[PDB]
Structure formats: structure tokens, C-alpha cells
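Before any comments, here is the structure.
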Amino acid sequence: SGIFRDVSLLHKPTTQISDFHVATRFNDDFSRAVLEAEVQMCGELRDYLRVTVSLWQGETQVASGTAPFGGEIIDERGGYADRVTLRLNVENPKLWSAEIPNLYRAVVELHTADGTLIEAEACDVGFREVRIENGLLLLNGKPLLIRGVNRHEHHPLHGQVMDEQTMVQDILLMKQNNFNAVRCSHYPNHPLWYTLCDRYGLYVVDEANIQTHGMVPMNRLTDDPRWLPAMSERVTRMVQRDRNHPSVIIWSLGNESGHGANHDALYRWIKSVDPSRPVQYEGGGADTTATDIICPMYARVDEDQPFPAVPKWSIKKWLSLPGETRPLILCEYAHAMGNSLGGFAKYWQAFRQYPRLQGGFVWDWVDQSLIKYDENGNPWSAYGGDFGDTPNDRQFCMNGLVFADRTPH
Amino acid sequence: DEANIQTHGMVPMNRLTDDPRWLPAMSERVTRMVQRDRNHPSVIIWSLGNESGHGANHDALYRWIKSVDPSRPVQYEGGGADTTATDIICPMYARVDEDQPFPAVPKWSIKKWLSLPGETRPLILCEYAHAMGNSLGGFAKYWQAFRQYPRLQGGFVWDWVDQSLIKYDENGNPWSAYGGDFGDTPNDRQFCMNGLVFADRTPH
Ligand code: NA
Ligand code: NA
Ligand code: NA
Ligand code: NA
């Protein structure tokens with residue numbers, strides 16, 4: 001507990017940019033793109049107010065557009081007087097991917113007609129399309145093979161406080177070991193994480209801070225309409241924050257909270273506000289109406305585990321169940337606890353052979369051990385139960401591919 | 001129930017079946033079969049023939065049966081076992097786990113075949129487990145997969161009975177004869193004997 005992320009002060013003008021959304025649409029062979037930027041304002045509307053959106057490739061301006069406020073008519077009562085949408089044509093765009101993280105810079109200027117700047121906001125833009133077609137997750141028209149890992153925010157000394165150096169160290173080690181994807185298990189991350197994933201090139205699953213694993217049954221809160229407000233906030237405010245990051249390719253509704261009606265509602269909310277990213281969620285059997293991707297945890301390659309209500313089928317078998325058409329990407333697989341990763345090769349042989357088996361996220365990146373000091377003041381790695389907490393679950397917090405200090409297993 | 005159409009020797013295999021000038025002759029082999037056997041409850045599936053590639057004539061005759069008799073699925077293996085002329089993915093000698101990616105007409109692993117992008121059909125092998133001589137090694141592997149995968153709904157072994165004929169030597173004692181023993185040339189050795197039983201119905 002505590003104040004474990006940054007505290008800051010921000011000064012905005014009274015007349016201000018209050019929100020902006022960046023979209024990139026493409027023609028059939030990705031040789032032409034349109035950058036669409038919706039900008040919202042707060043404060044007093046004046047006829048002399050303007051928004052300029054410029055796009056930059058390094059130091060070279062590729063496009064620019066200016067418009068006064070006033071959106072298109074949307075219903076009987078007119079449109080948004082406090083909004084404007086700018087559209088910029090981009091020929092032969094340099095496309096973003098984990099392989100080549102090509103980035104542009106979009107600059108949003110709020111100003112007056114005479115050219116006096118009020119304020120500016122900006123973001124990194126990655127020209128990429130994410131879609132599921134014919135049962136395959138495609139990035140820029142090509143089927144992904146997810147070499148992923150789950151990564152909690154953990155430091156052996158500072159706990160759940162994250163820093164740039166630790167983040168960069170993780171990304172370098174991940175990419176040096178042929179990972180191209182990360183799952184934010186199980187919450188929105190420190191804001192810098194996404195910036196670094198944009199720039200270094202990693203596919204991100206951004207996950208709402210909703211886990212109710214201790215509930216009996218697991219969906220007791222998530223099927224309760226009285227908990228829909230609280231859950232909606234955890235999903236909506238995540239999307240509102242992170243929607244402009246190119247590295248985020250998939251939204252997740254949370255983790256291990258069963259499957260409730262609130263999941264279906266919030267699944268639809270995201271599909272409505274952001275059609276650019278698939279939505280996934282594992283709860284309630286990994287293949288519910290709240291997920292675009294079959295995303296089981298610890299389903300085996302060839303071996304069925306036919307649990308009541310929530311079976312974990314063989315991943316090869318799961319794909320071809322009567323009526324099933326979706327891609328399968330394990331949200332968690334290959335539990336890396338201690339001397340482990342036995343049978344890891346069996347997954348990858350299956351991933352390569354089966355088009356619709358598109359990889360998964362290893363559990364997990366780093367051991368969640370903390371440093372304690374003995375009678376002599378010497379450091380040692382401590383797990384659950386070493387701090388005096390009871391009931392505890394012993395060494396079950398250490399399931400990482402790297403030690404807490406980032407030394408490889 | 002399978003139409004009397006096989007053009008396996010053609011190069012390519014669909015040379016006749018894609019030729020509209022052969023549609024009349026092909027149509028009669030399909031239509032007159034349906035007209036004869038359509039009241040038999042034992043017949044659950046119509047087949048358009050065997051090893052004749054995939055031509056436009058198959059598509060037309062597929063549709064003819066569907067219009068005339070909606071009560072039975074239509075299958076056909078030619079042209080890669082999953083063409084627009086078949087309701088059932090019906091390969092011959094597709095293996096359980098091992099892909100055989102031949103150009104144009106691959107024989108995928110049957111488990112893999114089911115979940116190819118956009119694929120939804122049942123898979124039943126029109127021919128599998130070639131029982132030529134000392135054979136049927138790996139038969140258990142098919143049956144384990146059939147039982148595990150709902151949409152793997154079995155197959156038809158090749159085949160029932162050795163196609164050997166009775167010849168008599170100098171003493172008048174009978175012996176089982178195959179291709180080449182009747183002076184026939186060119187012949188293909190003992191490839192006519194792929195049966196689970198001998199010609200006299202004694203089990204292998
Ligand atoms: Na794959
Ligand atoms: Na754990
Ligand atoms: Na079956
Ligand atoms: Na034969």
C-alpha cells in the first residue's frame with residue numbers, strides 16, 4: 001500500500017485540450033493511410049479558436065491540418081461545438097511493428113486564428129492495423145506469432161514502485177531472448193511502460209485492474225449489476241488513458257473474475273468506443289462471449305483437462321470444437337516455477353504447425369522475492385511466509401524466467 | 001453410395017471433369033445412381049466418384065444432388081479433399097499428426113486440417129490405413145484422435161478384400177494370382193492386394 005507511483009502538478013490554460021484520440025486507417029495494401037485525430041476542448045468557445053494537427057517523421061513534417069471547432073451533425077440536436085476532427089493523408093506510411101517500431105509524432109496545437117498558441121499536446125503515433133480475420137489475429141495484414149510473457153510490476157528492493165532503468169532492463173532482456181509481446185498482469189502499468197514499448201517495439205495486452213479470484217463462485221461480483229459501476233470505471237478509464245499507444249494491440253477485461261454480465265457489457269463498451277483493438281478475457285472458461293480470442297491459462301498441447309463448467313481442452317482440440325472459429329493465444333502458459341519449463345518445445349511445435357494457434361504469454365517474467373536481512377545484516381531472497389504473514393502460500397510467488405535481480409534462470 | 005466416375009490416369013487429373021463436353025456423360029453417372037438408390041435408408045452419403053481431380057462438372061453435379069435430395073450430404077475427395085464440391089473433408093491417407101504439404105493438394109494432419117482458417121466441416125477419411133500385406137501399423141493413432149476430436153468422425157479403411165484371383169498350375173493345385181500373373185503388361189505388382197481379408201475371406 002501507499003503512494004507508489006508518481007505525484008505531479010499540471011498547469012493547463014482555462015481554454016484547453018481536454019481529450020484527443022488518434023486513429024490510423026489504411027487502404028488494402030497499406031500503401032495509403034489516413035490519420036484521424038479527434039480533439040476535444042474545455043473552456044469558452046470562440047470563433048477565433050483553432051486546432052492544428054501536424055504529423056512528423058523525425059524532423060520532417062509529413063502532413064498538417066487546421067480547423068475551427070465544430071463537429072459534424074450526429075443527431076437531431078446537431079453536433080459537438082466543443083470538438084473537431086482532423087484528417088491527414090499519409091502516402092506510403094512507415095508501418096509500426098515489434099520488428100520495426102517506426103514512429104511518427106503527432107502534435108496537437110490549440111491556438112487563435114492570428115497564430116498565437118494557447119497550448120500543445122502530442123503523442124507518438126505508430127501506423128498499424130490490428131484485426132481478426134478468418135480466425136487469425138493480423139497485424140498490418142499478417143498473422144502474428146505471439147512470443148509473450150506476463151510481467152507484474154515488481155522490484156526486490158522497492159516493491160511495486162517502478163523506475164525507468166528497471167523497465168528498460170526488462171525490455172532489453174525480453175527482446176534479447178526473442179520475446180515480442182507482454183501482458184500487463186493484471187492491471188494498467190506505470191505510464192512510461194507503454195512509451196518504452198512503443199519505441200523499443202513490443203506488443204502489449206493492456207489489462208483492466210479487475211481480479212476477484214477469492215470470490216465464491218469467482219463471478220459473484222462480476223455478475224452483480226450493483227458492481228457494474230465500479231468495474232466500468234476500471235475498464236473505461238484505462239481505455240481513455242492508453243488508447244493512443246500503438247504498442248497496445250489488445251484490451252483485456254481483467255483476470256480470474258469468472259464470467260459475469262458486467263464482462264459482456266464492458267466488452268461491448270470497448271468494441272463500440274475503440275474498434276481498432278480486439279478484446280480478450282479468460283474468465284469463465286476462456287472462450288466466452290466476452291472474448292475475441294480463445295485465451296486459456298495452462299491448457300496443455302495434447303492433453304485434455306475436462307474440468308466441469310470450465311474445461312481446459314488441448315489447445316489443438318480447442319480450435320476445432322463444433323462451431324469454434326477464433327484464434328487461440330494462451331494468456332498464461334509454461335509455469336516457470338523453480339526448475340521448470342519442461343515441455344516448452346511441445347508448445348512451439350504446435351504454434352508453428354497450427355495457423356490459429358498464435359502463441360501465448362509465459363508465466364512469468366520475474367520472481368516476486370523480496371530482500372530480507374539476517375542477524376549479520378546479510379541480504380537473502382525471501383518469499384511468502386518469511387515476513388510473518390499467515391495464512392501464506394510459500395514459494396508460489398516465484399515463477400519467473402529471471403531472478404528478482406534480473407539474473408536469468 | 002458412389003458414382004461410377006474415376007479418371008485417375010488423366011493429366012492433370014481433372015482434364016475431363018473440368019471439360020463441359022464431358023458434363024453430359026458425368027451427369028448420367030450421378031443422376032441415374034440417385035434415381036436408383038435414393039429410397040435406401042442405409043445410404044447416408046452420396047459421393048461424386050473417385051480420383052478425378054476437381055472440375056466445374058463436380059460443382060454442377062454437387063448442386064444437382066443438393067437440389068434433388070437435401071436428405072443426404074454430398075462428399076468428394078478430388079482436388080484436395082476440401083473443395084466446394086464436398087460437405088465433408090474427406091481425404092485419403094492424410095496422417096494423424098504429420099503434415100504432407102504437397103503443392104495444390106496437401107494432405108494436412110487431420111487434427112490440423114479441421115482448424116485451418118475458416119474451416120468448419122466434419123472430417124471423415126474416404127480412405128485410410130492402407131492394409132497392403134503386413135500392415136495397419138499406427139492404426140491405434142487414428143482411433144485415439146477420432147475419439148478425442150468431435151469433428152474427426154472416423155474413416156473408411158483401404159480396403160476390405162485382397163483382389164487376388166485363382167490360377168491353377170501343372171498339378172491342378174490352386175494359387176492366389178495378382179497383377180502380372182496373367183501376362184498383363186504394364187502391371188503394378190501386388191498393389192491390388194490391400195485387404196483386411198484374403199480373397200476367400202480368411203482374416204489377415
Ligand atoms: Na500458429
Ligand atoms: Na504466482
Ligand atoms: Na470424433
Ligand atoms: Na490397390
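Each chain of the C-alpha cells is named A, B, ... in the order shown, its residues numbered from 1; ligands are numbered from 1 in display order.
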
With a distance threshold of 6 Å and counting only C-alpha atoms, extract the residues of chain A near chain B and express them as a ChimeraX atom specification. /A:134-135,319-320

Please produce an output containing C-alpha atoms for each residue in the selection, written as a PDB file, in the first residue's frame.
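Contents of result_34.pdb, freshly written:
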ATOM      1  CA  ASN A 134     -10.928 -15.594 -40.881  1.00  0.00           C
ATOM      2  CA  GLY A 135      -9.915 -16.764 -37.384  1.00  0.00           C
ATOM      3  CA  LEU A 319      -9.585 -24.709 -32.039  1.00  0.00           C
ATOM      4  CA  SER A 320     -11.759 -27.254 -33.860  1.00  0.00           C
TER       5      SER A 320
END

Dump as JSON lines the rows for residues of chain B within 8 Å of ligand 4: closest atom pair and distance in Å with one decimal, only C-alpha atoms and all ligand atoms counted, ordered by chain and rising residue number.
{"residue": "B:132", "atom": "CA", "partner": "ligand 4", "partner_atom_place_in_ligand_line": "1 (Na)", "distance": 7.9}
{"residue": "B:190", "atom": "CA", "partner": "ligand 4", "partner_atom_place_in_ligand_line": "1 (Na)", "distance": 7.8}
{"residue": "B:191", "atom": "CA", "partner": "ligand 4", "partner_atom_place_in_ligand_line": "1 (Na)", "distance": 4.3}
{"residue": "B:192", "atom": "CA", "partner": "ligand 4", "partner_atom_place_in_ligand_line": "1 (Na)", "distance": 4.1}
{"residue": "B:193", "atom": "CA", "partner": "ligand 4", "partner_atom_place_in_ligand_line": "1 (Na)", "distance": 6.1}
{"residue": "B:194", "atom": "CA", "partner": "ligand 4", "partner_atom_place_in_ligand_line": "1 (Na)", "distance": 5.7}

Residues within 12 Å of residue 199 of chain B, please, as a ChimeraX atom specification. Count only C-alpha atoms; anything in the same chain fewer than 6 positions from it doesn't count. /B:159-166,175-178,192-193

Would you save the residues of that selection, restricted to C-alpha atoms, as a PDB file, in the first residue's frame?
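The result, written out as out11.pdb:
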ATOM      1  CA  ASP B 159      -9.627 -51.941 -48.025  1.00  0.00           C
ATOM      2  CA  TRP B 160     -11.844 -54.964 -47.320  1.00  0.00           C
ATOM      3  CA  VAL B 161     -10.607 -57.819 -49.516  1.00  0.00           C
ATOM      4  CA  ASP B 162      -7.440 -58.860 -51.397  1.00  0.00           C
ATOM      5  CA  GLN B 163      -8.105 -58.718 -55.144  1.00  0.00           C
ATOM      6  CA  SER B 164      -6.315 -61.979 -55.952  1.00  0.00           C
ATOM      7  CA  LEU B 165      -7.666 -64.493 -58.494  1.00  0.00           C
ATOM      8  CA  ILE B 166      -7.434 -68.306 -58.554  1.00  0.00           C
ATOM      9  CA  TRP B 175      -2.854 -70.465 -56.018  1.00  0.00           C
ATOM     10  CA  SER B 176      -3.578 -66.763 -55.454  1.00  0.00           C
ATOM     11  CA  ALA B 177      -2.613 -64.697 -58.507  1.00  0.00           C
ATOM     12  CA  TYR B 178      -2.216 -60.922 -58.829  1.00  0.00           C
ATOM     13  CA  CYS B 192      -4.315 -54.997 -55.900  1.00  0.00           C
ATOM     14  CA  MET B 193      -3.968 -56.810 -52.561  1.00  0.00           C
TER      15      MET B 193
END

All helix (DSSP H, G or I) residues (DSSP, backbone) inside segment 46-283 of chain A, as an MDAnalysis selection string: chainID A and resid 164:176 191:200 225:242 261:273

Quick one: contact table of chain A to ligand 1, 7 Å max, nearest atom pair and distance in Å to one decimal per residue, counting only C-alpha atoms and all ligand atoms, chain and number order, as CSV?
residue,atom,partner,partner_atom_place_in_ligand_line,distance
A:145,CA,ligand 1,1 (Na),6.1
A:351,CA,ligand 1,1 (Na),4.2
A:352,CA,ligand 1,1 (Na),4.7
A:353,CA,ligand 1,1 (Na),6.1
A:354,CA,ligand 1,1 (Na),4.6
A:355,CA,ligand 1,1 (Na),3.8
A:356,CA,ligand 1,1 (Na),5.3
A:357,CA,ligand 1,1 (Na),4.3
A:358,CA,ligand 1,1 (Na),4.3
A:359,CA,ligand 1,1 (Na),6.6

Restricting the output to C-alpha atoms, write the selected residues as a tab-separated table (two decimals), in the first residue's frame.
chain	number	residue	atom	x	y	z
A	145	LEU	CA	3.01	-15.33	-33.63
A	351	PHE	CA	2.25	-22.91	-32.52
A	352	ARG	CA	4.24	-23.28	-35.74
A	353	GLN	CA	2.14	-26.13	-37.18
A	354	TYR	CA	-1.32	-24.65	-36.50
A	355	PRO	CA	-2.18	-21.30	-38.13
A	356	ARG	CA	-4.83	-20.47	-35.47
A	357	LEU	CA	-2.53	-21.30	-32.55
A	358	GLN	CA	-0.89	-17.89	-32.39
A	359	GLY	CA	1.35	-18.28	-29.33

Return as a ChimeraX atom specification the residues of protein, DNA or RNA that approach ligand 2 to within 9 Å, with only C-alpha atoms and all ligand atoms taken into account. /A:335,337,363-364,367-368,395-400

Taking only C-alpha atoms and all ligand atoms into account, name the residue in A:345, A:334, A:321, A:309 that is nearest to ligand 3. A:321

Counting only C-alpha atoms, what is within 10 Å of segment 146-160 of chain A, bar same-chain residues fewer than 3 positions away, as a ChimeraX atom specification? /A:1,4-5,137,143,163,166-167,170,174-175,177-187,189-190,202-205,329-334,348,351,357-372,381-382,400-401,403-406

Run DSSP on the backbone and give me the residues of chain B it puts in strand (DSSP E), as a PyMOL selection string. chain B and resi 46-47+74-75+123-128+152-157+165-168+174-177

Spatial neighbours of residue 106 of chain A, max dist 10 Å, only C-alpha atoms, sep filter under 5 positions, as a PyMOL selection string: chain A and resi 22+35+37+53-57+61+63-64+121-125

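Closest approach to ligand 3 among A:346, A:300, A:317, A:326: A:317, based on only C-alpha atoms and all ligand atoms.
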
Choose the residue, out of B:54, B:189, B:29, B:15, that has the smallest atom-to-atom separation from residue 105 of chain B; count only C-alpha atoms. B:54

Can you pull out every residue within 7 Å of segment 285-290 of chain A, counting only C-alpha atoms, but drop anything in the same chain fewer than 2 positions away, and send it as a ChimeraX atom specification? /A:263-264,267,280-283,294-296,310-311

Using only C-alpha atoms, which protein or nucleic acid residues come within 9 Å of residue 23 of chain B? Drop anything in the same chain fewer than 5 positions from it, and give the result as a list in words.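 Final neighbour list, sorted by chain and number: residues 16, 17, 18, 28, 56, 57, 58, 60 and 61 of chain B.
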
When you draw a straight line from atom CA of residue 169 of chain A to atom CA of residue 409 of chain A, how long is it in Å? 15.6 Å
